[PDB]
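# PDB entry and its sequence, pasted below:
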Amino acid sequence: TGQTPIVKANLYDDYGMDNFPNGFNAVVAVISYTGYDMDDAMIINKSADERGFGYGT
Amino acid sequence: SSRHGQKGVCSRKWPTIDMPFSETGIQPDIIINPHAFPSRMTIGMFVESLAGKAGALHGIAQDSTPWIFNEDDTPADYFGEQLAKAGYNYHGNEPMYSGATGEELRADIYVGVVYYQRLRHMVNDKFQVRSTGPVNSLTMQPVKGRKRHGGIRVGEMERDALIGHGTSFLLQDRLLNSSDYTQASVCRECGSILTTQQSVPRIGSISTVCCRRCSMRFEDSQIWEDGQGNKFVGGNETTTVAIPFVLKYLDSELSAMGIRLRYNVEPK
Amino acid sequence: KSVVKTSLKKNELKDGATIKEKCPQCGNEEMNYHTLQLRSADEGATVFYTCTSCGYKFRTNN
Amino acid sequence: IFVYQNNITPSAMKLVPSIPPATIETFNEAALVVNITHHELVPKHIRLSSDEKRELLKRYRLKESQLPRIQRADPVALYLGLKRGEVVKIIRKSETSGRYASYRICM
Amino acid sequence: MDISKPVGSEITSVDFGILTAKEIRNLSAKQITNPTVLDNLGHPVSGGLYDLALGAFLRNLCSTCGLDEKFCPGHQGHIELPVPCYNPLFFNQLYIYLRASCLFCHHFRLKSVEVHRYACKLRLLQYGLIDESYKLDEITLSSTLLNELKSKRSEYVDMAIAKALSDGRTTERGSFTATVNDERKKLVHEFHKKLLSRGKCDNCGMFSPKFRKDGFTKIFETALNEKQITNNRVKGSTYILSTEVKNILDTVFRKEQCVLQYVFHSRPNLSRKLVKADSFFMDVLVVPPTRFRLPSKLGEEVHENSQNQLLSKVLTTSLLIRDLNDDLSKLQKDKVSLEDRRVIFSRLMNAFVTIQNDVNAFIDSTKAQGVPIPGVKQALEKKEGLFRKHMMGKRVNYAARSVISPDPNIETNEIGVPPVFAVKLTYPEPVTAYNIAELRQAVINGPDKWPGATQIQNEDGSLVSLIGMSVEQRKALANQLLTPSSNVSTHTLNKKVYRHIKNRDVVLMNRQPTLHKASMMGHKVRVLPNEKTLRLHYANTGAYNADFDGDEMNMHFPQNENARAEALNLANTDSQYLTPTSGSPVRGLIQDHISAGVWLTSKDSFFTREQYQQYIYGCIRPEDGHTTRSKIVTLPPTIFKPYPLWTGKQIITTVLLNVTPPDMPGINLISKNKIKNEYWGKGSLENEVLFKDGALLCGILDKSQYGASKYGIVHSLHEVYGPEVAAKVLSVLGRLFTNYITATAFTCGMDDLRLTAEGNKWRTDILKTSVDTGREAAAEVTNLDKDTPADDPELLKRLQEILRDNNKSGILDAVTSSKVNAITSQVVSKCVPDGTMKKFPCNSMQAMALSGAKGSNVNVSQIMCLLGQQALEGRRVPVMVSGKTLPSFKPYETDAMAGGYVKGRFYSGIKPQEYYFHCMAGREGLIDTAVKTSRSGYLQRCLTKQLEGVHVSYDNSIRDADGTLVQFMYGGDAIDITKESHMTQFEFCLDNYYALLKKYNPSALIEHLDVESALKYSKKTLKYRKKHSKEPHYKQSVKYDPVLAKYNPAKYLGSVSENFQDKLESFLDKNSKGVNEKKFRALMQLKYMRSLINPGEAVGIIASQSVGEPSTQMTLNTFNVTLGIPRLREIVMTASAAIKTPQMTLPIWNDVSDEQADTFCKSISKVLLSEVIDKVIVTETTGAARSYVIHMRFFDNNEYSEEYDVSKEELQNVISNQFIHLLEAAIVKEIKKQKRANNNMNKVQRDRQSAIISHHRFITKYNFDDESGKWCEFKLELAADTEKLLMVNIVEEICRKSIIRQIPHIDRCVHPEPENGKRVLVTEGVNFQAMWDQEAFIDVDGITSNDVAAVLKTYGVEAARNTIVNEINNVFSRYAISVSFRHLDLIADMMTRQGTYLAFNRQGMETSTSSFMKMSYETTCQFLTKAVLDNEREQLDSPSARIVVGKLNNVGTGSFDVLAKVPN
RNA sequence: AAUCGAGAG
DNA sequence: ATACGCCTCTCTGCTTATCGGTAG
DNA sequence: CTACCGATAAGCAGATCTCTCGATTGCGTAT
Ligand SMILES: [Mg+2]
Ligand SMILES: [Zn+2]
Ligand SMILES: [Zn+2]
Ligand SMILES: [Zn+2]
Ligand SMILES: [Zn+2]
């Protein structure tokens, strides 16, 4: 399940990229809260993962 | 990753109740450490999160072609005015509360929507574990390759680091005791590794290890036969040491060069 | 023989790039700098801090 | 000790080891105007007698040849007239430990 | 390896020999005849290559031993070469010996008495008698005279060897050290050089034919000329057969066995056996067993093995020759001899060549004539070979690899093991009475449920698997898991259960490239329940150089108690707190914890009773053992009314109080931190950290306190309470700063990156000053008037010249860059932190740039203030050929933005042009890192190969593995760097006196020591040193030596360094402070005694790592003298005499003025004739003499004399003497190749012209401006025979060649500014004997130079070692990388251990007792032939030889042996 | 098993 | 169809040719 | 005078961390 970006270049539509979505819009918090994401790691909400967030075959 | 080279592996899947929640009830699906930015310096991700939140609110889309904003028409001012005119904070911050204890966090959290891409380097193609299994042909050492059930390599630099610790039993355990440990038979007299052979046992008699370099032909109870039946007497002064198998293969390759190695057994 | 400036004196070269880092030797406010990314396309940066009074050098990543 | 001004013929160098049990050494007047021991990079070299040499060897359980070796032709052995087998004492002014002594052998 | 299968016998040493063709057939199991590998029916033939003799092949019992395929070892076989062949390993030595032997008398073409002298010297060198070898040449006094001389030589040798054997200086088996080996090799090399340089024999005086060499397998000879035949007569090209040359060499060796038995040996031949010439000839070829020649079976791609292919090729040629020599046999009887016997003879000769080349290609694919099939040599030669790929490093069992993911809930000494590994990896556990409680439960649990077991090993070695069994079977087996044995054979063994990896086990993590020993540590296992990635704490990142963005780490699980105890104690992560490289700490929290600490430990942090108790318990958790009191203890609140309020520093204090053990005081630390006082307000003292009896009273806890900072709190806790307490402190501080960051999170946003209205006003006002910096820089670089317009034609002309000339472009790009960087610094200083609308501590970007958690003030200034000038290499952005820096900018733009000055910022984005320049800079950075990754190391491998044996012995002297001594003391003080940090920190030691005393415990460490003599001698030595040392080092005398020389510092308290004692005395003198000074000195001395490097410490490995691993941090080469890895290659890997940029450091006397110093520079520096000539005008006139008038114009005398200190007379002499002869030499060379103002003379000039005309081959006119010194004209008249000459390029080349004046090897003397206050001249070449003339200017006592070979030549070995150390230290200092001088000293001492300037390469390790180290290093063949010719038995002392044989190493825990004490 | 290409640190 | 015979851009050292200096 | 040597000039041999996937591996004669 891909999505079109909310914020995108004009040339996104001109080259017809919406026929091949690449990523998903996600709500991203710039927060030091977890302690499990310091160098480059990131934390994914477990509920979102159970709801099909970033799923592929 | 985002569209700003902000890659990073998913560390843990945080439970939703443990995730911080905002005043509007939403819990982010991605948490990115604030320390990623000061060195990478991808301010584009900040302004994109601002604009994505504003666009998701107003139900619009904002172009992000470079060089539309200049030193006067700042994107921060633009998308901040858009954010304020929907009730949210001009700087994109949101009062959030800790979902672990319950209390409100010290400062306003910076939230927004950013476009996230899932890269193809999944971790099911990376891990491998081997205890025992298939071994190489002539060295009797683990095979190469994750998909063939092979061991991993303790190389030259690993060996040098394992010596520098003074860890010698550890170095022997990795390089020898768990790679190609073999209890071969040597000639206590002639000092050769693979010149010996098992005597073909006979009815009644018991098989023994016997030399084929220190054995003289019976035609030229200390006798033994071969598989071809050509029996002859030879020195039974043969021993059992602990050596790698690659030593035996190297001794073969040295015989192919006409070069003999004499291994002296310490107890004679 | 030329008419342009050809030679650059050591004294006349002020390397510039003054920052207010703290000097680990003496404590003079000036301590020149330069950043050179190393060891990866993702590894952290290192700055060649250099005092202007005592000449002390410091190349510290963080 | 013989010192010569400019050059040496082969017909002179052919007699250096020709007269035992004595010894003849040769130096050039040029490339001698400066003592190589007064240079601050060169440590104080003190020739060791046999009496303390055997003591050093028994203290460290060494053969003669297992020591660091000093060339029979290097200027320090030229300066000291050091023969083969007699070890030398060196007072190295170390940057970290201050002063310490090490022993080379001429061989 | 099974630990219940003991081995009795060991390989104590190995020796290299030759496998004679007789013993091969003696040891053979079957001869191979026919190349029938597999016939029809898909089976091997009888007597073929894949015979059943050479092993059990497929489902066939081996015909030799009668065993299955999996249990047949693989018996040896052979083939019979009908004609002996040159072995391509011994061919060089055989050809060299042949080329210097006499065919008539069967002796060498050398004097036989000289052969006897060499034999006697070699017999001496076979023992440790190298001095007497040189004393043998003293034996000087025809048949009787020579016999007397040789008898005297032999008897001197024999008596000396008997004396040496008697008095213990040698033994029956000789003494072979590195110096002995070097002398022997040098003697033999000159001995062969002596043999080859012969024209006529000396035993019979009969000339022998020369030989010509075309490659391999082929040797010819040339006929004697007339003169040789006449002498050979009055004495009273062609192919040579292999049997004939074998007979020649057999006779030669039979008659010269006396000398050859010492040439081909290095030890006393206790077997006395002869040296047989059939060594060099492969009469019989040995085939490897079928087990080692098996074919690959890839589906049906069952291809023949390459070894069998080559062997079958040789067999086909053998059968061809066998069938041909039968035809010759019958054709001989027919007696053709001209028409068909000669045809068959030609065929037989070509077939002999073919079979010899077939053996040649079988052994070595290099020499194949006519993708290539690999040979035996190619199976061993390089990294893909056998040493460096199956003995120097092997694939291993019980390992695992996975991606690492972070975890702050493991204890900094643990690893989070996924359950997927926890079911596979197992440990053999023998059952006992203390085990059958839980090993039984594991066996009941089975192979899947964790913890459980997979395999059970029975008493008689039977291996039972639990994988398929049922629960009833597992229950029965665990019921019988400990039963008495009715079989008494194994009544000494107990069953072993292959239990799963539980939590008590230990693991060995690893992350390639393993560039130092810290990158392979030991971790305890914490078995996590969920994921499939190994979990790592954050403190293990500075050690592995690891991030968590997809890095994967190897995990090795040791299977024996010895390796367990190694990884728990020696390689464990708690012991790796400080890197041996420089002693700086390498573990600490990184970023999130650092910012959390800065927040928690500020004055604004107050916590109620519940918050305080929750933080403390959450980070301590006394159920795991973090607390040392069995009950959590707290502190009274800082504020009592109105309501209780603990602070954050009280959180820190309570944590320390709970982790730090009781019965011991707290740390008294006084340090600082990165965040200044001005950032907290007015009168603040928050930059000054302060501890007092374990309580933080001031300052914030920063990166300086946990992290990679010396003398912070975790470092001091280490130094006072051991390493385990600092481990617990880092773990608990990680837990505290984690649970606190969830309660009050840390963020960052767009508000942190903004300025104020007045801040932006300041920024724009200062940037409006950058509209003219570029133009003014250009206007002054073009030496023009200031205020000149940017469109000035003169300015554009000069700018175009600057563009054309690279050096002038560099000048412009330096000056302009200076001015624009000044503007940038003004902007940054003015607008930060006084311009930000959000300020520290609220401003998170500024907070983590100040605290060092992540980022820098450079990054903050780039985001908020300015991006600034982009510099590519040292200059600005590239300029196109048109004068345009970009299409957008006009040609020759005097604008800062045009040249790359980016005035934008990442907060408000950058313009398209600045974006392009910024992309240039980023691409430059990625290109630099590409170059670094491409060419990175091999310096560390070359160092570690030779230093891998050097280790500290129980005598405290460091020495190579065989026994050779390198240093008598590690660094001259024998102290450990991982323990040397706080020795000089006397204030810290004084303040923590009581805790340090309780940790050292002199009560239990004073009975076994002597605490009188060392102190007495140290006092006497210090008194003497105080008396002297106002005198020069060459004038002092060693009445008293250093104390460490006499007394063992680990056994005699007070025997310490000469500088440590001096510094301690200065401290105890300059500050008296209630503990008596006597007890403090005693404590410092016991601390020194405990700060000593343990015997067995791999100083060689550690130094190799310390010089190599930091060198990866300098291989970027941005900005004459060689730096970085090139310089280290010169110094350590090459030891080149020809340094790329030689330089001399020449001190000046303190009275010689600077102007006089520059005059000395001018008088010393080289000046060519080119550098004084303005132009040369060549006026040819062919109207039959081709005149070539030349009029060379000079610079004005007042210019060039003042610039170069050159006089008109000196210039005239150079012209009249050197230049014209050079010119005419060039002219005649060209001709030889081609055949295929006024002259009002004063008669002095006329005599000069006549002299020039006479002395010169073409000159006809000559006149010099003697009065003004401005020109010189001369006619070089020629002949019409010669065609046209350039006569201008010729003059230019000769003018560049010719030198006016020159000190040899010196091209320039430049007087730089003083460094460290000392005046020095630096000249561009090294020639020591030439500066000794100018005593009045140069302090020749201080002349040290860059080159090491020159210093070694003119100053000896020790000066060379000192300059080596200074040079290898100068590289790291210029990159601000600290390497302990002990490491560099050990490197230098290893390099100059032979009295010469060795190097770390294959040529630098020729002289070494162990040949396995060199064979594994590289050039395996050349090091194996050299080893087998000398019959060099190696004793297995180097670590590499130990690995190759498979014996426990010598360094570290191999330094000793363990014996039991059976008490009955 | 050799090479070629793609990539991960 | 199928078995024999076959084909343009580095950088240290160690080692040798070549047409002349070099003591007795 | 004569070997006898030798300072050039010229030829030649070897290196230049770990890991995972896929795709492809050659052609002329003669019974
Ligand atoms: Mg990484
Ligand atoms: Zn034998
Ligand atoms: Zn300073
Ligand atoms: Zn067999
Ligand atoms: Zn002869």
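All right, it came through fine. Numbers count the residues shown, from 1 in each chain, chains lettered A, B, ... in the order given. Ligands and ions are numbered 1, 2, ... in the order given.
# Now do the residue in chain C that chain A sits nearest to: how many residues are near it, please.
Per Cβ to the nearest Cβ, residue C:42 is where chain C lies closest to chain A, at 7.7 Å. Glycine gets a C-beta too; all of them are placed from N, C-alpha and C. Residues lying near residue C:42 (other Cβ atoms under 10 Å in any protein chain shown) number 16.
# Can you classify it as helix, strand or coil?
coil (DSSP: H, G, I helix; E, B strand; the rest coil).
# contacting residues for it?
Residues near residue C:42 by Cβ atoms under 8 Å, 6 or more residues apart in numbering or on different chains: A:40, E:547, E:549.
# and if we set it to 7 Å?
residue E:549 (Cβ atoms under 7 Å, 6 or more residues apart in numbering or on different chains).
# got it, and residue E:170?
Residue E:170 touches E:127-129, E:164, counting by Cβ under 7 Å, 6+ apart.
# switch to 6 Å and redo it
Residue E:170 sits next to E:127-128, E:164 when contact means Cβ atoms under 6 Å, 6 or more residues apart in numbering or on different chains.
# Narrow these to those in helices?
residue E:164 (DSSP state H).
# Out of the contacts of residue E:170, the closest to chain B would be?
Nearest to chain B among the contacts of residue E:170, counting by Cβ to the nearest Cβ, is residue E:127 at 20.6 Å.
# where's the nearest residue to the closest one once chain neighbours are set aside, which helix or strand?
Distance criterion Cβ to Cβ, 6 or more residues apart in numbering or on different chains; nearest residue to residue E:127, sequence neighbours excluded, is residue E:170 at 4.3 Å. Residue E:170 belongs to no helix or strand when assigned by DSSP states H and E.
# How about the one 10 residues further on?
Under the assignment given by DSSP H and E, the secondary-structure element containing residue E:180 is helix E:178-196.
# could you pull out the strands for chain A?
A:7-8, A:23-32, A:42-45 (DSSP state E).
# check contacts around the residue of chain C found nearest chain E.
Chain C approaches chain E most closely through residue C:16 (2.9 Å), counting by Cβ to the nearest Cβ. Residue C:16 makes contacts with E:818, E:821-822, as judged by Cβ under 6 Å, 6+ apart.
# let's see it at 10 Å
Applying Cβ atoms under 10 Å, 6 or more residues apart in numbering or on different chains to residue C:16 gives the contacts C:32-33, E:814, E:817-825, E:868-869.
# quick one: the residue of chain C closest to chain A from ligand 1, how far?
Computed as Cβ to the ion, to the nearest Å, the residue C:42 to ligand 1 distance reads 7 Å.
# Over to residue E:1278?
74 Å.
# That residue reaches residue E:1189, doesn't it?
No - at 11.2 Å, residue E:1278 does not count as touching residue E:1189 under the criterion of Cβ atoms under 10 Å.
# export the strands of chain A to JSON lines and tack on mean neighbour count and distance to residue B:201?
JSON lines is the format used below for the strands of chain A (neighbours: other Cβ atoms under 10 Å in any protein chain shown; distance: least, Cβ to Cβ, whole Å):
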{"stretch": "strand A:7-8", "mean neighbour count": "24", "distance to residue B:201": "82"}
{"stretch": "strand A:23-32", "mean neighbour count": "24", "distance to residue B:201": "72"}
{"stretch": "strand A:42-45", "mean neighbour count": "24", "distance to residue B:201": "66"}
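# Mind putting those into JSON lines with distance to residue B:240?
Formatted as JSON lines, these follow (distance: least, Cβ to Cβ, whole Å):
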{"stretch": "strand A:7-8", "distance to residue B:240": "74"}
{"stretch": "strand A:23-32", "distance to residue B:240": "62"}
{"stretch": "strand A:42-45", "distance to residue B:240": "57"}
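# Over to the residue in chain A that ligand 3 sits nearest to: give its phi and psi.
At 32.5 Å from ligand 3, residue A:39 is the closest residue in chain A, using Cβ to the ion. Torsion angles at residue A:39 (phi, psi; degrees, to the nearest 10) stand at phi -70, psi -70.
# show me the contacts for it.
Residue A:39 makes contact with B:8-9, B:11, B:33, B:35-36, C:42, C:44, E:406, E:538, E:541, E:546-549, E:551, E:590-592, E:854, according to Cβ under 10 Å, 6+ apart.
# Against residue E:534, how distant is it?
Distance, residue A:39 to residue E:534, by Cβ to Cβ, to the nearest Å: 15 Å.
# where's the residue of chain A most remote from its centre relative to chain E, distance?
No residue in chain A sits farther from the centre than residue A:14, which is 22.2 Å out by Cα atoms, centre = their mean. Using Cβ to the nearest Cβ, to the nearest Å, residue A:14 is found at 20 Å from chain E.
# quick one: secondary structure of residue E:846?
Per three-state DSSP, residue E:846 ends up helix.
# Next, the contact list for it, please.
Counted by Cβ under 10 Å, 6+ apart, residue E:846 has contacts B:38, E:679, E:752-753, E:832-833, E:836, E:838-840, E:855, E:857, E:860, E:864.
# got the residues of chain A near DNA strand G?
Remark: no part of chain A is in contact with DNA strand G, using Cβ under 7 Å from any atom of the strand.
# who's in contact with residue 8?
Defaulting to chain A. A:17-18, B:3, B:48, B:51-52, B:55, B:61-65, B:115.
# wrong one, I was asking about chain B
Counted by Cβ under 10 Å, 6+ apart, residue B:8 has contacts A:37, A:39-43, B:1-2, B:30, B:32-33, B:36, E:547-550.
# do the same with residue E:94
E:86-87, E:219, E:245-246, E:249, E:277, E:279-281.
# Okay, it and residue E:804: tell me how far apart.
Taking Cβ to Cβ, one finds residue E:94 at 63 Å from residue E:804.
# and what of residue E:969?
Here residue E:969 is placed at a distance of 60 Å from residue E:804 (Cβ to Cβ).
# and if you look at residue E:481?
From residue E:481 to residue E:804 the distance is 90 Å (Cβ to Cβ).
# ok, these two, which is more surrounded?
residue E:481 (20 against 11).
# these two touch, right, that one and residue E:430?
No - counting by Cβ under 10 Å, residue E:430 is not a contact partner of residue E:481; they are 11.0 Å apart.
# shared neighbours of these two, anything?
Joint contacts of residue E:481 and residue E:430 (Cβ under 10 Å, 6+ apart) are E:439, E:494-495, E:497.
# nearest to chain D, of those residues?
The closest of these, once distances to chain D are taken by Cβ to the nearest Cβ, is residue E:494, at 43.7 Å.
# ok, now which ones touch the closest residue to the closest one other than its chain neighbours?
Excluding its sequence neighbours, the residue lying closest to residue E:494 (Cβ to Cβ, 6+ apart) is residue E:430, at 4.8 Å. When contacts are counted by Cβ under 10 Å, 6+ apart, residue E:430 touches E:3-4, E:439, E:457, E:493-497.
# again, but for residue B:246
Going by Cβ under 10 Å, 6+ apart, residue B:246 touches B:136, B:138-141, B:176, B:179-180, B:182, E:386-387, E:389-391, E:394, E:1444, E:1446.
# Check which helices and strands the host helix or strand of residue E:564 sits against.
Using DSSP H and E, residue E:564 falls within helix E:561-569. The elements that helix E:561-569 packs onto, with contact taken as 3 or more Cβ pairs under 10 Å, 6 or more residues apart in numbering or on different chains; DSSP states H and E, are helix B:168-172, strand E:506-510, strand E:522-527.
# Count the residues that sit near residue E:577.
23.
# The next helix or strand after the helix holding residue E:180: partners in the sheet, and parallel or antiparallel?
Remark: after helix E:178-196, the chain's next helix or strand is strand E:211-213, criterion DSSP H and E. Its sheet considered, strand E:211-213 pairs with strand E:219-221 (antiparallel) by DSSP bridges.
# So which bits of the helix or strand just after the strand it pairs with are buried?
The first helix or strand that comes after strand E:219-221 along the chain, using DSSP H and E, is helix E:226-235. Of the residues in helix E:226-235, those with enough neighbours to count as buried (16 or more other Cβ atoms under 10 Å in any protein chain shown) are E:228, E:232.
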